[PDB]
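First comes the structure, then the notes that go with it.
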Amino acid sequence: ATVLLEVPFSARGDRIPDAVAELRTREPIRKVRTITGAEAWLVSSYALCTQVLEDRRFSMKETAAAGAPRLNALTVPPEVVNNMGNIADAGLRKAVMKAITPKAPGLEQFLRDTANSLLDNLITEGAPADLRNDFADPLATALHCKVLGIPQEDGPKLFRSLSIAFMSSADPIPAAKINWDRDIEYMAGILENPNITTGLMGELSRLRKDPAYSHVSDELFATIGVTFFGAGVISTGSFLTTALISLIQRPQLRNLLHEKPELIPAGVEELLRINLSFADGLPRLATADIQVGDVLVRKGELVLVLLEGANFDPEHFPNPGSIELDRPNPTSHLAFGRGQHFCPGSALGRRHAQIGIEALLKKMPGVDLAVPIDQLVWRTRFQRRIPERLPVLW
Ligand code: HEM
Ligand SMILES: Nc1cccc(-c2cccc(-c3c(-c4ccc(O)cc4)n[nH]c3N)c2)c1
C-alpha cells in the first residue's frame with residue numbers, strides 16, 4: 001500500500017518534475033495531502049487553474065477560517081489573509097496601487113543606480129559572487145524601501161524577518177509572531193514619523209489624518225506596510241534569483257538579450273512563465289459545491305492552484321519548457337495569479353527583474369554558475385523556492 005500523494009513535490013526551482021506533466025494529463029484535478037495532514041484538490045491544467053482563480057466562490061479569505069483544512073499554518077493574524085480586501089473596503093485600493101507602480105519619477109533610475117552599484121561592488125570584490133544574497137535580494141529590499149518611503153538603512157532588519165515570515169509550516173511558528181509584532185510597531189512608528197512623506201507610507205500617513213479616512217484603523221495602516229514590504233521583497237527577490245538561474249543556464253539567450261536589450265521585457269515575460277518560485281499551489285477554500293473537471297469539489301474543501309501546472313501546460317503554451325520570445329499569448333501566464341487577487345505589484349515586479357537583468361548583462365556579460373547546478377541548496381518548507389546561495393563567476 002502507498003499513501004496519498006504528498007505536496008509539494010520538490011523544493012528544486014531549477015527544473016519541473018516530470019510528474020507534473022503526468023499528473024496534468026491523467027488527473028488535472030486530484031486529491032493530495034498537505035504538510036499539515038489535510039487533504040486538498042491539486043489543480044494542474046491551465047483551463048482548470050484559471051477556472052478556480054476566476055471563481056470567487058473559491059475563496060482566499062476563507063482559507064483563514066478556524067477548523068479549515070490547511071495548506072500550512074498561518075504566519076500572520078487571520079485578518080491579514082484578506083489584506084487587499086480590507087484595503088479595498090477602507091477605500092485605499094487606488095492610492096495603494098498608485099504608490100507601488102514603477103512609474104514614480106526617478107524610481108526606475110533608482111533601480112538602475114542600485115543594481116549597478118551592487119554589481120560594481122561584486123566586481124571589485126572578485127568572483128565568486130552570490131547573486132541572491134548580494135544582488136537580487138538587496139535590490140528587492142532597496143526597491144521596497146524606496147517604494148514605501150522608508151529609510152534604506154531600515155531595510156535589512158525588515159528583510160531578516162522574511163526567512164521565517166514566509167515559511168510553509170505544518171505548525172504555527174513562534175518567531176513569526178515575535179517578528180510580526182516588532183515590524184508592526186516599526187510601521188506604526190513610521191506613520192507617526194514626520195520625516196516620512198514620500199512613497200506608500202508617506203501617502204498612508206496623510207490619508208490617516210484625512211477626515212475621509214478617520215474611521216480606518218491604525219492597525220490596518222501599519223499592516224499594509226508590513227505586508228506589502230514582505231510580500232513584495234520576497235516575491236521580487238525570489239523571482240529574480242530563479243530567473244537569473246534560468247538565464248545563466250541559457251548562454252544563447254544570455255547573449256541575445258545582451259546584444260538586443262530591447263528583447264528583455266519579452267525575455268522576462270517568458271522567465272515569469274517558466275518560473276518555479278512559488279513552492280506551493282495557491283490555496284482557496286470552496287464556499288459551495290463546484291464542479292471542476294471530473295470532480296465535484298465540496299463546500300469547505302481546500303483547493304490548490306499549481307501555477308507551474310498552468311504555465312507548463314502544452315495545451316496553452318506549446319513546447320512549454322522552451323523559452324520563446326515570440327509567443328502569441330506571452331502575458332497570459334499565471335505567474336501573477338488571475339482574477340480577484342491578481343498581483344497589484346505585477347508592473348513593479350516586471351520592472352525590478354527587467355532592470356536587474358539589463359544591468360547584470362551589461363556589467364557581467366560572461367556571467368556563469370561558479371558551481372555545478374546540482375550544488376545549489378534549495379530552501380525547504382518555504383512559500384518560495386530559492387537557492388540559499390547563488391555562486392557565479394564572469
Ligand atoms: C515577480 C514579482 C511577483 C510575483 C511573481 C508575484 C506573485 C503574486 C501572485 C501569484 C499573487 C496571487 C496570490 C493568490 O491569488 O493567492 C500575488 C498577489 C499579491 N501580491 Fe504579488 N507578486 C510579485 C510582486 C509583488 C510586489 C512587488 C508586491 C507589492 C509591493 C506584491 C504584493 C502582492 C499583494 C498585496 C497580493 C495580494 C492580492 C490580493 O489578495 O488581491 N507582489 N502576487
Ligand atoms: N506577492 C504575493 C504573492 C502571494 C501572496 C501575497 C500575499 C499578499 C497579502 C497577504 C498574503 C498572505 C500571508 C502572509 C504571510 C506572511 C507575511 O509576512 C505576510 C502575509 N499569509 N496568507 C496570505 N494569504 C499573501 C503576495
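Order determines the names: the first chain of the C-alpha cells is A, the second B, and so forth; residues in each chain are numbered 1 upward, and ligands are numbered 1 upward as they are shown.
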Closest atom pairs, chain A residues within 8 Å of ligand 1, only C-alpha atoms and all ligand atoms, as JSON lines:
{"residue": "A:53", "atom": "CA", "partner": "ligand 1", "partner_atom_place_in_ligand_line": "15 (O)", "distance": 7.0}
{"residue": "A:60", "atom": "CA", "partner": "ligand 1", "partner_atom_place_in_ligand_line": "16 (O)", "distance": 6.5}
{"residue": "A:81", "atom": "CA", "partner": "ligand 1", "partner_atom_place_in_ligand_line": "40 (O)", "distance": 7.6}
{"residue": "A:82", "atom": "CA", "partner": "ligand 1", "partner_atom_place_in_ligand_line": "40 (O)", "distance": 6.5}
{"residue": "A:83", "atom": "CA", "partner": "ligand 1", "partner_atom_place_in_ligand_line": "40 (O)", "distance": 6.6}
{"residue": "A:84", "atom": "CA", "partner": "ligand 1", "partner_atom_place_in_ligand_line": "41 (O)", "distance": 4.8}
{"residue": "A:85", "atom": "CA", "partner": "ligand 1", "partner_atom_place_in_ligand_line": "41 (O)", "distance": 6.6}
{"residue": "A:100", "atom": "CA", "partner": "ligand 1", "partner_atom_place_in_ligand_line": "30 (C)", "distance": 5.7}
{"residue": "A:144", "atom": "CA", "partner": "ligand 1", "partner_atom_place_in_ligand_line": "30 (C)", "distance": 6.8}
{"residue": "A:147", "atom": "CA", "partner": "ligand 1", "partner_atom_place_in_ligand_line": "30 (C)", "distance": 7.7}
{"residue": "A:227", "atom": "CA", "partner": "ligand 1", "partner_atom_place_in_ligand_line": "35 (C)", "distance": 6.8}
{"residue": "A:228", "atom": "CA", "partner": "ligand 1", "partner_atom_place_in_ligand_line": "29 (C)", "distance": 4.7}
{"residue": "A:229", "atom": "CA", "partner": "ligand 1", "partner_atom_place_in_ligand_line": "30 (C)", "distance": 6.1}
{"residue": "A:231", "atom": "CA", "partner": "ligand 1", "partner_atom_place_in_ligand_line": "32 (C)", "distance": 5.3}
{"residue": "A:232", "atom": "CA", "partner": "ligand 1", "partner_atom_place_in_ligand_line": "26 (C)", "distance": 3.6}
{"residue": "A:233", "atom": "CA", "partner": "ligand 1", "partner_atom_place_in_ligand_line": "27 (C)", "distance": 6.6}
{"residue": "A:235", "atom": "CA", "partner": "ligand 1", "partner_atom_place_in_ligand_line": "3 (C)", "distance": 4.6}
{"residue": "A:236", "atom": "CA", "partner": "ligand 1", "partner_atom_place_in_ligand_line": "2 (C)", "distance": 4.1}
{"residue": "A:237", "atom": "CA", "partner": "ligand 1", "partner_atom_place_in_ligand_line": "1 (C)", "distance": 7.6}
{"residue": "A:238", "atom": "CA", "partner": "ligand 1", "partner_atom_place_in_ligand_line": "1 (C)", "distance": 7.6}
{"residue": "A:239", "atom": "CA", "partner": "ligand 1", "partner_atom_place_in_ligand_line": "1 (C)", "distance": 5.1}
{"residue": "A:240", "atom": "CA", "partner": "ligand 1", "partner_atom_place_in_ligand_line": "1 (C)", "distance": 7.0}
{"residue": "A:272", "atom": "CA", "partner": "ligand 1", "partner_atom_place_in_ligand_line": "5 (C)", "distance": 7.0}
{"residue": "A:277", "atom": "CA", "partner": "ligand 1", "partner_atom_place_in_ligand_line": "5 (C)", "distance": 7.4}
{"residue": "A:278", "atom": "CA", "partner": "ligand 1", "partner_atom_place_in_ligand_line": "10 (C)", "distance": 7.7}
{"residue": "A:282", "atom": "CA", "partner": "ligand 1", "partner_atom_place_in_ligand_line": "16 (O)", "distance": 4.8}
{"residue": "A:283", "atom": "CA", "partner": "ligand 1", "partner_atom_place_in_ligand_line": "16 (O)", "distance": 6.2}
{"residue": "A:284", "atom": "CA", "partner": "ligand 1", "partner_atom_place_in_ligand_line": "16 (O)", "distance": 7.5}
{"residue": "A:307", "atom": "CA", "partner": "ligand 1", "partner_atom_place_in_ligand_line": "10 (C)", "distance": 7.7}
{"residue": "A:334", "atom": "CA", "partner": "ligand 1", "partner_atom_place_in_ligand_line": "10 (C)", "distance": 6.8}
{"residue": "A:335", "atom": "CA", "partner": "ligand 1", "partner_atom_place_in_ligand_line": "10 (C)", "distance": 5.2}
{"residue": "A:336", "atom": "CA", "partner": "ligand 1", "partner_atom_place_in_ligand_line": "10 (C)", "distance": 3.9}
{"residue": "A:337", "atom": "CA", "partner": "ligand 1", "partner_atom_place_in_ligand_line": "10 (C)", "distance": 4.0}
{"residue": "A:338", "atom": "CA", "partner": "ligand 1", "partner_atom_place_in_ligand_line": "15 (O)", "distance": 6.5}
{"residue": "A:339", "atom": "CA", "partner": "ligand 1", "partner_atom_place_in_ligand_line": "15 (O)", "distance": 7.7}
{"residue": "A:340", "atom": "CA", "partner": "ligand 1", "partner_atom_place_in_ligand_line": "41 (O)", "distance": 5.9}
{"residue": "A:341", "atom": "CA", "partner": "ligand 1", "partner_atom_place_in_ligand_line": "41 (O)", "distance": 3.3}
{"residue": "A:342", "atom": "CA", "partner": "ligand 1", "partner_atom_place_in_ligand_line": "12 (C)", "distance": 5.2}
{"residue": "A:343", "atom": "CA", "partner": "ligand 1", "partner_atom_place_in_ligand_line": "18 (C)", "distance": 3.6}
{"residue": "A:344", "atom": "CA", "partner": "ligand 1", "partner_atom_place_in_ligand_line": "33 (C)", "distance": 5.5}
{"residue": "A:345", "atom": "CA", "partner": "ligand 1", "partner_atom_place_in_ligand_line": "26 (C)", "distance": 3.8}
{"residue": "A:346", "atom": "CA", "partner": "ligand 1", "partner_atom_place_in_ligand_line": "24 (C)", "distance": 5.4}
{"residue": "A:347", "atom": "CA", "partner": "ligand 1", "partner_atom_place_in_ligand_line": "27 (C)", "distance": 7.8}
{"residue": "A:348", "atom": "CA", "partner": "ligand 1", "partner_atom_place_in_ligand_line": "27 (C)", "distance": 5.3}
{"residue": "A:349", "atom": "CA", "partner": "ligand 1", "partner_atom_place_in_ligand_line": "2 (C)", "distance": 4.0}
{"residue": "A:350", "atom": "CA", "partner": "ligand 1", "partner_atom_place_in_ligand_line": "1 (C)", "distance": 6.2}
{"residue": "A:352", "atom": "CA", "partner": "ligand 1", "partner_atom_place_in_ligand_line": "1 (C)", "distance": 7.8}
{"residue": "A:353", "atom": "CA", "partner": "ligand 1", "partner_atom_place_in_ligand_line": "1 (C)", "distance": 7.2}
Report task. Quick one: everything within 12 Å of residue A:15, counting only C-alpha atoms, minus sequence neighbours fewer than 5 positions away in the same chain. Send it as a VMD selection string. Result -> chain A and resid 9 to 10 20 242 to 243 245 to 246 249 274 to 277 308 312 321 373 to 374 378 385
Generate a file of the selected residues that holds C-alpha atoms, formatted as a CSV table (one decimal), in the first residue's frame.
chain,number,residue,atom,x,y,z
A,9,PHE,CA,6.6,17.6,-5.0
A,10,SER,CA,10.1,19.1,-4.9
A,20,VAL,CA,3.7,17.4,-13.1
A,242,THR,CA,15.5,31.9,-10.0
A,243,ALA,CA,15.1,33.8,-13.3
A,245,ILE,CA,19.4,30.8,-12.9
A,246,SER,CA,17.2,30.1,-16.0
A,249,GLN,CA,21.7,28.2,-18.0
A,274,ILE,CA,8.5,29.2,-16.5
A,275,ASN,CA,9.3,30.4,-13.0
A,276,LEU,CA,9.1,27.9,-10.2
A,277,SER,CA,9.4,30.4,-7.4
A,308,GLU,CA,3.6,25.7,-12.9
A,312,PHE,CA,3.8,24.5,-18.4
A,321,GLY,CA,9.7,24.0,-21.4
A,373,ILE,CA,23.9,23.4,-10.8
A,374,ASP,CA,23.1,20.4,-8.6
A,378,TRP,CA,17.1,24.7,-2.2
A,385,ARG,CA,11.7,28.0,-4.0
Requested in this report: Mind checking which residues fall within 9 Å of stretch 252-268 of chain A, counting only C-alpha atoms, ignoring those fewer than 6 positions away in the same chain, and posting them as an NGL selection string?
Outcome: :A and (243 or 323-326 or 330 or 350-351 or 353-355 or 357-358 or 361-362 or 365-367)
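Using only C-alpha atoms, the nearest neighbour of residue A:59 within the list A:108, A:327, A:286, A:136 is A:286.
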Report task. Write down as number ranges by chain the residues of stretch 179-339 of chain A whose backbone DSSP state falls under helix (DSSP H, G or I). Result -> A: 179-191, 199-208, 211-213, 218-248, 251-259, 261-273, 307-311, 339
**Report entry** strand (DSSP E) call set, DSSP backbone run, stretch 190-382 of chain A, as a count of residues only
**Finding:** 17
Query raised in the report: From the set A:141, A:151, A:316, A:127, which residue has the shortest atom-to-atom contact distance to residue A:195, counting only C-alpha atoms?
Result: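 Comparing A:141, A:151, A:316, A:127 against residue A:195, the winner is A:151.
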Report task. For atom CA of residue A:71 and atom CA of residue A:383, quote the distance in Å rounded to one decimal. Result ->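 Atom-to-atom, atom CA of residue A:71 to atom CA of residue A:383, that is 10.6 Å.
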Report task. Identify, on the basis of only C-alpha atoms, every residue whose closest approach to stretch 158-164 of chain A does not exceed 10 Å; exclude the query and any residue fewer than 2 positions from it along the same chain; express the result as a PyMOL selection string. Result -> chain A and resi 75+137-138+140-141+145+153-156+166-169+173-180+182-183+186+226+229-231+233-234+379+382-384
**Report entry** Among the residues A:73, A:111, A:21, A:201, the one that comes closest to ligand 2 [using only C-alpha atoms and all ligand atoms]
**Finding:**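 Under the stated criterion, the closest residue is A:73.
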**Report entry** Top pick for closest residue to ligand 2, considering A:7, A:23, A:370, A:74 and counting only C-alpha atoms and all ligand atoms
**Finding:**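 Looking at the shortest contact to ligand 2, the residue is A:74.
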Query raised in the report: Could you work out how far atom CA of residue A:211 lies from atom CA of residue A:87, giving the answer in Å with one decimal?
Result: 16.8 Å
Closest atom pairs, stretch 234-298 of chain A residues within 9 Å of stretch 36-48 of chain A, only C-alpha atoms, as a tab-separated table:
residue	atom	partner	partner_atom	distance
A:281	CA	A:42	CA	7.5
A:292	CA	A:48	CA	6.7
A:293	CA	A:48	CA	7.0
A:297	CA	A:41	CA	8.0
Please produce an output containing C-alpha atoms for each residue in the selection, written as an mmCIF file, in the first residue's frame.
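Result went into again-v3.cif, see below:
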data_model
loop_
_atom_site.group_PDB
_atom_site.id
_atom_site.type_symbol
_atom_site.label_atom_id
_atom_site.label_comp_id
_atom_site.auth_asym_id
_atom_site.auth_seq_id
_atom_site.Cartn_x
_atom_site.Cartn_y
_atom_site.Cartn_z
ATOM 1 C CA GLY A 281 -0.185 25.893 -5.165
ATOM 2 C CA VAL A 292 -14.065 21.371 -11.553
ATOM 3 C CA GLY A 293 -13.332 18.956 -14.377
ATOM 4 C CA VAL A 297 -15.484 19.989 -5.088
#
Query raised in the report: Distance atom CA of residue A:34-atom CA of residue A:270, one decimal place?
Result: 29.2 Å
Query raised in the report: Which one is closest to ligand 2: A:280, A:113, A:125, A:218? Count only C-alpha atoms and all ligand atoms.
Result: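 Smallest separation from ligand 2 among the options: A:280.
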Query - Selection near residue A:202, 12 Å with only C-alpha atoms, sequence-local residues under 5 positions removed, as an NGL selection string - result: :A and (95-96 or 99 or 145-151 or 187 or 190-197 or 207-209 or 221-222 or 225)
Report task. Name the residues in contact with stretch 129-134 of chain A at a cut-off of 10 Å, using only C-alpha atoms, excluding same-chain residues fewer than 4 positions from it; report them as a list in words. Result ->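 Neighbouring residues, sequence-local ones excluded: residues 118, 119, 121, 122, 123, 125, 138, 139, 237, 238, 240, 241, 242, 244, 245, 360, 369, 370, 386, 387, 388, 389, 390, 391, 392, 393 and 394 of chain A.
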Could you please take those selected residues and save N, CA, C and O atoms as a JSON list (two decimals), in the first residue's frame?
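Result written to part.json:
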[["chain", "number", "residue", "atom", "x", "y", "z"],
["A", 118, "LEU", "N", 25.44, 47.66, -6.78],
["A", 118, "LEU", "CA", 25.58, 46.32, -6.23],
["A", 118, "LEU", "C", 26.55, 45.50, -7.07],
["A", 118, "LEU", "O", 27.41, 44.80, -6.53],
["A", 119, "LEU", "N", 26.41, 45.58, -8.38],
["A", 119, "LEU", "CA", 27.25, 44.81, -9.30],
["A", 119, "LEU", "C", 28.69, 45.31, -9.30],
["A", 119, "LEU", "O", 29.62, 44.51, -9.36],
["A", 121, "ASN", "N", 30.25, 46.58, -6.79],
["A", 121, "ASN", "CA", 30.82, 46.06, -5.55],
["A", 121, "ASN", "C", 31.24, 44.61, -5.68],
["A", 121, "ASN", "O", 32.29, 44.21, -5.18],
["A", 122, "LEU", "N", 30.42, 43.81, -6.35],
["A", 122, "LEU", "CA", 30.74, 42.40, -6.56],
["A", 122, "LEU", "C", 31.98, 42.26, -7.44],
["A", 122, "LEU", "O", 32.85, 41.43, -7.18],
["A", 123, "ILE", "N", 32.05, 43.08, -8.49],
["A", 123, "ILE", "CA", 33.18, 43.03, -9.41],
["A", 123, "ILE", "C", 34.47, 43.42, -8.70],
["A", 123, "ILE", "O", 35.51, 42.82, -8.92],
["A", 125, "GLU", "N", 35.07, 43.07, -5.48],
["A", 125, "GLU", "CA", 35.41, 42.03, -4.52],
["A", 125, "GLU", "C", 35.97, 40.79, -5.21],
["A", 125, "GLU", "O", 36.74, 40.03, -4.62],
["A", 138, "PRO", "N", 19.15, 42.20, -2.04],
["A", 138, "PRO", "CA", 19.40, 43.61, -1.73],
["A", 138, "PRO", "C", 18.70, 44.57, -2.70],
["A", 138, "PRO", "O", 18.23, 45.62, -2.27],
["A", 139, "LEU", "N", 18.64, 44.22, -3.98],
["A", 139, "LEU", "CA", 17.97, 45.06, -4.96],
["A", 139, "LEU", "C", 16.47, 45.15, -4.65],
["A", 139, "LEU", "O", 15.87, 46.22, -4.72],
["A", 237, "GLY", "N", 12.58, 39.41, -5.06],
["A", 237, "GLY", "CA", 13.90, 38.84, -4.81],
["A", 237, "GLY", "C", 13.98, 37.39, -5.25],
["A", 237, "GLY", "O", 14.94, 36.99, -5.92],
["A", 238, "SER", "N", 12.98, 36.59, -4.88],
["A", 238, "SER", "CA", 12.97, 35.18, -5.22],
["A", 238, "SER", "C", 12.77, 34.96, -6.72],
["A", 238, "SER", "O", 13.42, 34.10, -7.32],
["A", 240, "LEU", "N", 13.56, 37.06, -9.24],
["A", 240, "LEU", "CA", 14.75, 37.47, -9.97],
["A", 240, "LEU", "C", 15.85, 36.43, -9.81],
["A", 240, "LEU", "O", 16.53, 36.09, -10.77],
["A", 241, "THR", "N", 16.02, 35.91, -8.60],
["A", 241, "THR", "CA", 17.05, 34.91, -8.34],
["A", 241, "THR", "C", 16.87, 33.69, -9.23],
["A", 241, "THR", "O", 17.81, 33.24, -9.87],
["A", 242, "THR", "N", 15.66, 33.12, -9.27],
["A", 242, "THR", "CA", 15.47, 31.89, -10.02],
["A", 242, "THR", "C", 15.41, 32.19, -11.52],
["A", 242, "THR", "O", 15.76, 31.34, -12.34],
["A", 244, "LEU", "N", 17.42, 34.42, -12.93],
["A", 244, "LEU", "CA", 18.83, 34.50, -13.28],
["A", 244, "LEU", "C", 19.42, 33.12, -13.49],
["A", 244, "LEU", "O", 20.28, 32.94, -14.35],
["A", 245, "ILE", "N", 18.96, 32.12, -12.73],
["A", 245, "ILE", "CA", 19.45, 30.76, -12.94],
["A", 245, "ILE", "C", 19.03, 30.29, -14.33],
["A", 245, "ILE", "O", 19.85, 29.77, -15.09],
["A", 360, "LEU", "N", 22.81, 43.44, -15.06],
["A", 360, "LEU", "CA", 23.71, 42.30, -14.91],
["A", 360, "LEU", "C", 24.38, 41.97, -16.23],
["A", 360, "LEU", "O", 25.59, 41.72, -16.27],
["A", 369, "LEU", "N", 27.39, 30.11, -13.77],
["A", 369, "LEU", "CA", 27.44, 29.49, -12.45],
["A", 369, "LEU", "C", 28.88, 29.17, -12.10],
["A", 369, "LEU", "O", 29.66, 28.77, -12.98],
["A", 370, "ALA", "N", 29.24, 29.34, -10.83],
["A", 370, "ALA", "CA", 30.59, 29.03, -10.36],
["A", 370, "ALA", "C", 30.64, 27.66, -9.68],
["A", 370, "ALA", "O", 31.71, 27.20, -9.27],
["A", 386, "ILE", "N", 13.90, 28.86, -3.56],
["A", 386, "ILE", "CA", 15.08, 29.68, -3.78],
["A", 386, "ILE", "C", 16.33, 28.95, -3.34],
["A", 386, "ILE", "O", 16.30, 28.18, -2.38],
["A", 387, "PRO", "N", 17.45, 29.19, -4.04],
["A", 387, "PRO", "CA", 18.73, 28.66, -3.59],
["A", 387, "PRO", "C", 19.25, 29.50, -2.44],
["A", 387, "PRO", "O", 19.12, 30.72, -2.49],
["A", 388, "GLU", "N", 19.82, 28.88, -1.42],
["A", 388, "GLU", "CA", 20.31, 29.65, -0.28],
["A", 388, "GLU", "C", 21.41, 30.61, -0.72],
["A", 388, "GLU", "O", 21.49, 31.74, -0.25],
["A", 389, "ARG", "N", 22.25, 30.14, -1.65],
["A", 389, "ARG", "CA", 23.30, 30.97, -2.26],
["A", 389, "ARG", "C", 23.30, 30.71, -3.76],
["A", 389, "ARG", "O", 23.00, 29.61, -4.20],
["A", 390, "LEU", "N", 23.64, 31.73, -4.54],
["A", 390, "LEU", "CA", 23.74, 31.58, -5.99],
["A", 390, "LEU", "C", 25.13, 32.03, -6.46],
["A", 390, "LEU", "O", 25.30, 33.16, -6.90],
["A", 391, "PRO", "N", 26.12, 31.13, -6.35],
["A", 391, "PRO", "CA", 27.50, 31.49, -6.68],
["A", 391, "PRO", "C", 27.75, 31.58, -8.18],
["A", 391, "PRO", "O", 27.49, 30.61, -8.90],
["A", 392, "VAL", "N", 28.24, 32.73, -8.64],
["A", 392, "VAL", "CA", 28.54, 32.93, -10.05],
["A", 392, "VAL", "C", 29.95, 33.49, -10.24],
["A", 392, "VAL", "O", 30.56, 34.01, -9.31],
["A", 393, "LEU", "N", 30.44, 33.34, -11.47],
["A", 393, "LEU", "CA", 31.67, 33.99, -11.90],
["A", 393, "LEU", "C", 31.35, 34.68, -13.22],
["A", 393, "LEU", "O", 30.22, 34.59, -13.70],
["A", 394, "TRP", "N", 32.31, 35.37, -13.81],
["A", 394, "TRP", "CA", 32.03, 36.16, -15.00],
["A", 394, "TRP", "C", 33.31, 36.48, -15.75],
["A", 394, "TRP", "O", 34.40, 36.12, -15.31]]
Query raised in the report: In terms of the shortest atom-to-atom distance over only C-alpha atoms and all ligand atoms, which of A:117, A:2, A:223, A:50 is closest to ligand 2?
Result: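 Closest residue, counting only C-alpha atoms and all ligand atoms: A:223.
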